[PDB]
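Shown next: coords_17.cif, containing mmCIF, C-alpha atoms.
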data_protein
#
loop_
_atom_site.group_PDB
_atom_site.id
_atom_site.type_symbol
_atom_site.label_atom_id
_atom_site.label_comp_id
_atom_site.auth_asym_id
_atom_site.auth_seq_id
_atom_site.Cartn_x
_atom_site.Cartn_y
_atom_site.Cartn_z
ATOM 1 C CA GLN B 1 -37.631 69.668 -19.220
ATOM 2 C CA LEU B 2 -34.279 67.998 -19.964
ATOM 3 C CA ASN B 3 -35.168 67.452 -23.656
ATOM 4 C CA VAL B 4 -34.032 63.814 -23.664
ATOM 5 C CA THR B 5 -35.522 61.396 -26.195
ATOM 6 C CA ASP B 6 -33.785 58.046 -25.571
ATOM 7 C CA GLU B 7 -36.437 55.807 -24.021
ATOM 8 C CA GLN B 8 -33.806 53.418 -22.646
ATOM 9 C CA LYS B 9 -31.956 56.205 -20.826
ATOM 10 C CA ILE B 10 -35.127 57.913 -19.586
ATOM 11 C CA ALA B 11 -36.521 54.597 -18.302
ATOM 12 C CA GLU B 12 -33.348 53.063 -16.813
ATOM 13 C CA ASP B 13 -32.790 55.661 -14.086
ATOM 14 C CA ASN B 14 -34.401 56.966 -10.900
ATOM 15 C CA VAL B 15 -34.915 60.172 -8.932
ATOM 16 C CA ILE B 16 -32.850 58.916 -5.974
ATOM 17 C CA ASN B 17 -30.193 56.224 -5.818
ATOM 18 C CA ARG B 18 -31.924 54.419 -2.880
ATOM 19 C CA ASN B 19 -28.938 52.759 -1.218
ATOM 20 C CA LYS B 20 -27.197 56.141 -0.961
ATOM 21 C CA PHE B 21 -30.451 57.942 -0.039
ATOM 22 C CA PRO B 22 -32.661 56.303 2.615
ATOM 23 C CA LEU B 23 -36.395 56.215 1.963
ATOM 24 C CA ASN B 24 -37.282 57.976 5.229
ATOM 25 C CA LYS B 25 -35.246 60.986 4.105
ATOM 26 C CA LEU B 26 -37.085 60.836 0.776
ATOM 27 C CA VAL B 27 -40.482 60.898 2.501
ATOM 28 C CA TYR B 28 -39.469 63.730 4.829
ATOM 29 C CA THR B 29 -38.129 65.828 1.947
ATOM 30 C CA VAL B 30 -40.989 65.146 -0.476
ATOM 31 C CA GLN B 31 -43.585 66.033 2.147
ATOM 32 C CA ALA B 32 -41.835 69.006 3.777
ATOM 33 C CA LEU B 33 -40.965 70.685 0.466
ATOM 34 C CA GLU B 34 -44.667 71.181 -0.315
ATOM 35 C CA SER B 35 -46.874 73.894 1.250
ATOM 36 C CA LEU B 36 -44.961 76.378 -0.906
ATOM 37 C CA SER B 37 -45.023 76.702 -4.680
ATOM 38 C CA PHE B 38 -41.650 76.399 -6.394
ATOM 39 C CA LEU B 39 -43.069 78.252 -9.422
ATOM 40 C CA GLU B 40 -45.159 81.171 -8.113
ATOM 41 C CA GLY B 41 -44.581 80.736 -4.370
ATOM 42 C CA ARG B 42 -41.960 83.480 -4.418
ATOM 43 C CA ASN B 43 -43.647 86.498 -2.831
ATOM 44 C CA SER B 44 -41.258 87.466 -0.009
ATOM 45 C CA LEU B 45 -44.316 88.941 1.707
ATOM 46 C CA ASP B 46 -44.068 91.902 -0.696
ATOM 47 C CA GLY B 47 -41.262 91.966 -3.253
ATOM 48 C CA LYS B 48 -40.907 88.398 -4.566
ATOM 49 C CA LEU S 1 -19.469 71.468 -28.899
ATOM 50 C CA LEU S 2 -22.106 69.792 -31.086
ATOM 51 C CA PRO S 3 -23.746 70.893 -34.351
ATOM 52 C CA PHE S 4 -26.648 73.268 -33.833
ATOM 53 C CA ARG S 5 -29.177 70.661 -35.005
ATOM 54 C CA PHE S 6 -28.772 68.766 -31.719
ATOM 55 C CA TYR S 7 -30.094 71.663 -29.605
ATOM 56 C CA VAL S 8 -33.833 71.022 -29.953
ATOM 57 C CA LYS S 9 -36.197 72.966 -27.700
ATOM 58 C CA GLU S 10 -39.727 71.556 -27.719
ATOM 59 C CA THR S 11 -41.279 75.020 -27.387
ATOM 60 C CA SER S 12 -40.727 78.687 -28.333
ATOM 61 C CA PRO S 13 -38.333 79.875 -31.070
ATOM 62 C CA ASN S 14 -35.042 77.974 -30.919
ATOM 63 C CA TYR S 15 -32.318 80.464 -31.801
ATOM 64 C CA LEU S 16 -29.652 77.823 -31.055
ATOM 65 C CA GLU S 17 -30.875 75.454 -33.774
ATOM 66 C CA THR S 18 -30.209 77.238 -37.057
ATOM 67 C CA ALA S 19 -26.980 76.748 -38.980
ATOM 68 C CA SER S 20 -25.483 77.772 -42.310
ATOM 69 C CA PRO S 21 -22.045 77.460 -43.942
ATOM 70 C CA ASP S 22 -20.086 80.710 -43.988
ATOM 71 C CA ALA S 23 -18.239 82.007 -47.032
ATOM 72 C CA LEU S 24 -15.042 83.346 -45.447
ATOM 73 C CA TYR S 25 -14.773 80.817 -42.612
ATOM 74 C CA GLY S 26 -13.692 77.315 -43.638
ATOM 75 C CA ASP S 27 -17.078 76.767 -45.322
ATOM 76 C CA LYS S 28 -18.396 75.703 -41.911
ATOM 77 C CA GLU S 29 -21.583 76.247 -39.934
ATOM 78 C CA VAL S 30 -22.149 79.643 -38.301
ATOM 79 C CA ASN S 31 -25.149 80.443 -36.110
ATOM 80 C CA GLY S 32 -24.656 84.214 -35.997
ATOM 81 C CA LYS S 33 -27.733 85.051 -33.921
ATOM 82 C CA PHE S 34 -26.491 85.946 -30.424
ATOM 83 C CA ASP S 35 -25.049 89.260 -29.228
ATOM 84 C CA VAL S 36 -23.184 88.619 -25.952
ATOM 85 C CA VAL S 37 -21.247 85.433 -25.163
ATOM 86 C CA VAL S 38 -20.059 85.320 -21.544
ATOM 87 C CA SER S 39 -18.386 82.105 -20.425
ATOM 88 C CA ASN S 40 -15.498 80.563 -18.485
ATOM 89 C CA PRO S 41 -14.117 77.730 -20.649
ATOM 90 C CA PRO S 42 -12.650 74.677 -18.903
ATOM 91 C CA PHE S 43 -8.961 75.106 -18.155
ATOM 92 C CA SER S 44 -7.789 71.771 -19.608
ATOM 93 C CA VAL S 45 -10.309 69.530 -21.369
ATOM 94 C CA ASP S 46 -9.040 66.221 -22.741
ATOM 95 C CA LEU S 47 -12.099 64.990 -24.698
ATOM 96 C CA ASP S 48 -11.632 61.441 -26.016
ATOM 97 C CA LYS E 1 -46.869 41.535 -50.015
ATOM 98 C CA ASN E 2 -46.219 41.284 -46.274
ATOM 99 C CA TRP E 3 -42.835 43.028 -46.557
ATOM 100 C CA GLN E 4 -44.617 46.370 -46.104
ATOM 101 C CA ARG E 5 -45.873 45.013 -42.766
ATOM 102 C CA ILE E 6 -42.979 42.751 -41.723
ATOM 103 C CA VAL E 7 -40.535 45.672 -41.945
ATOM 104 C CA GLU E 8 -42.230 47.232 -38.907
ATOM 105 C CA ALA E 9 -41.509 44.091 -36.870
ATOM 106 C CA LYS E 10 -37.738 44.564 -36.974
ATOM 107 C CA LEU E 11 -37.872 48.361 -37.137
ATOM 108 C CA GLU E 12 -39.838 48.531 -33.860
ATOM 109 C CA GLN E 13 -38.435 45.512 -31.995
ATOM 110 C CA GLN E 14 -35.083 47.319 -31.809
ATOM 111 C CA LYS E 15 -34.121 49.244 -28.676
ATOM 112 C CA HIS E 16 -32.120 52.159 -30.107
ATOM 113 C CA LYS E 17 -35.276 53.711 -31.656
ATOM 114 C CA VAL E 18 -33.399 55.298 -34.543
ATOM 115 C CA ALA E 19 -36.590 55.336 -36.631
ATOM 116 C CA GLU E 20 -40.280 54.464 -36.359
ATOM 117 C CA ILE E 21 -43.187 54.422 -38.835
ATOM 118 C CA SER E 22 -46.974 54.215 -38.456
ATOM 119 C CA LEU E 23 -49.484 52.479 -40.722
ATOM 120 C CA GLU E 24 -51.914 55.396 -40.403
ATOM 121 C CA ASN E 25 -51.201 59.150 -40.797
ATOM 122 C CA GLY E 26 -47.612 58.319 -41.754
ATOM 123 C CA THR E 27 -45.058 60.430 -39.909
ATOM 124 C CA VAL E 28 -42.007 58.187 -40.721
ATOM 125 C CA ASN E 29 -40.042 59.702 -37.854
ATOM 126 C CA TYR E 30 -36.383 59.137 -37.030
ATOM 127 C CA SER E 31 -33.683 60.462 -34.710
ATOM 128 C CA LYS E 32 -32.591 64.096 -34.626
ATOM 129 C CA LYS E 33 -28.983 62.908 -34.933
ATOM 130 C CA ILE E 34 -29.913 62.233 -38.575
ATOM 131 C CA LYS E 35 -30.197 65.218 -40.907
ATOM 132 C CA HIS E 36 -33.790 66.427 -41.103
ATOM 133 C CA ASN E 37 -33.820 68.022 -44.551
ATOM 134 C CA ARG E 38 -36.974 68.728 -46.609
ATOM 135 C CA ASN E 39 -38.669 69.287 -43.239
ATOM 136 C CA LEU E 40 -41.741 67.192 -44.092
ATOM 137 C CA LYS E 41 -40.955 63.630 -42.926
ATOM 138 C CA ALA E 42 -44.318 62.304 -44.126
ATOM 139 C CA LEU E 43 -44.932 58.845 -45.553
ATOM 140 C CA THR E 44 -44.733 59.432 -49.312
ATOM 141 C CA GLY E 45 -45.233 55.909 -50.602
ATOM 142 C CA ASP E 46 -42.977 52.876 -50.335
ATOM 143 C CA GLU E 47 -39.922 55.015 -51.165
ATOM 144 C CA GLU E 48 -39.995 56.453 -47.649
#

Go through the file and emit its structure as structure tokens.
Amino acid sequence: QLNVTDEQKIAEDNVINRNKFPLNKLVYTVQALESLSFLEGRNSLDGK
Amino acid sequence: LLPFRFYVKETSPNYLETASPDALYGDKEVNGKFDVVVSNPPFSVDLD
Amino acid sequence: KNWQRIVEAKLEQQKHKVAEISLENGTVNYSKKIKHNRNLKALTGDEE
């Protein structure tokens, strides 16, 4: 998606910074954000 | 503010990839493919 | 003799990944920050 090719940059990073983002918050977010598609989930009942 | 070769999209036609020197402009690269350019440039950029 | 094969040692042990070549189906690839003229980038003999 981000069209990056440097293996060093794409490997020496992380989704969350850990010490500034506790793991319990990560679990809560990653598991609550499902149950709805972020691609086609938009329906707004009728009207998207 | 990079040459158009850097903008590589791994799918679909990449209109922001072509380049060609222009006759009556400093013999420099000109894309010349877009129609509308809306933007708000930074007020004071310092670069390096 | 082994120069054709010992070149890959240094060319792949590097971290910047400017270029990379394969013994089979030669695609002699290198970074997009380098000009990509002639558009083929195939292994045409030892010259490449």

Next item on the list: Would you kindly translate the PyMOL selection byres ((chain B) within 10 of (chain S)) into the concrete residues it picks from this file, as a list in words?
Entry: residues 1, 2, 3 and 4 of chain B

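The protein and nucleic acid residues lying at most 12 Å from residue 10 (chain E) are residues 3, 4, 16, 17, 18, 19, 20 and 21 of chain E, with all atoms listed in the file considered and sequence neighbours fewer than 6 positions away removed.
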
Margin query: Given the PyMOL selection byres ((chain E and resi 34-46) around 9) and the file above, list the residues it selects as a ChimeraX atom specification.
Written below: /S:5 /E:4,18,21-22,25-33,47-48

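With the cut-off set to 10 Å and all atoms listed in the file counted, chain B residues close to chain E are residues 5, 6, 7 and 8 of chain B.
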
Could you save the residues just selected, with C-alpha atoms, as a short mmCIF file (atom, residue, chain, number, x, y, z; two decimals), in the coordinates of the input?
data_model
loop_
_atom_site.label_atom_id
_atom_site.label_comp_id
_atom_site.auth_asym_id
_atom_site.auth_seq_id
_atom_site.Cartn_x
_atom_site.Cartn_y
_atom_site.Cartn_z
CA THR B 5 -35.52 61.40 -26.20
CA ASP B 6 -33.78 58.05 -25.57
CA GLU B 7 -36.44 55.81 -24.02
CA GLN B 8 -33.81 53.42 -22.65
#

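The space separating CA of residue 14 (chain S) from CA of residue 33 (chain S) comes to 10.6 Å.
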
Note to self: I'd like the contact shell of residue 15 (chain S) - 9 Å cut-off, all atoms listed in the file, skipping same-chain residues fewer than 3 positions apart - returned as a PyMOL selection string.
What the structure shows: chain S and resi 18+31+33-34

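Atom pair CA of residue 47 (chain S) / CA of residue 1 (chain S): separated by 10.7 Å.
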
Next item on the list: Skip residue 16 (chain B) itself and residues of its chain fewer than 6 positions away, then list as a ChimeraX atom specification all residues within 10 Å of it, counting only C-alpha atoms.
Entry: /B:22-23,26

Checklist line | CA of residue 15 (chain B) to CA of residue 16 (chain S), distance in Å rounded to a single decimal | finding: 28.8 Å
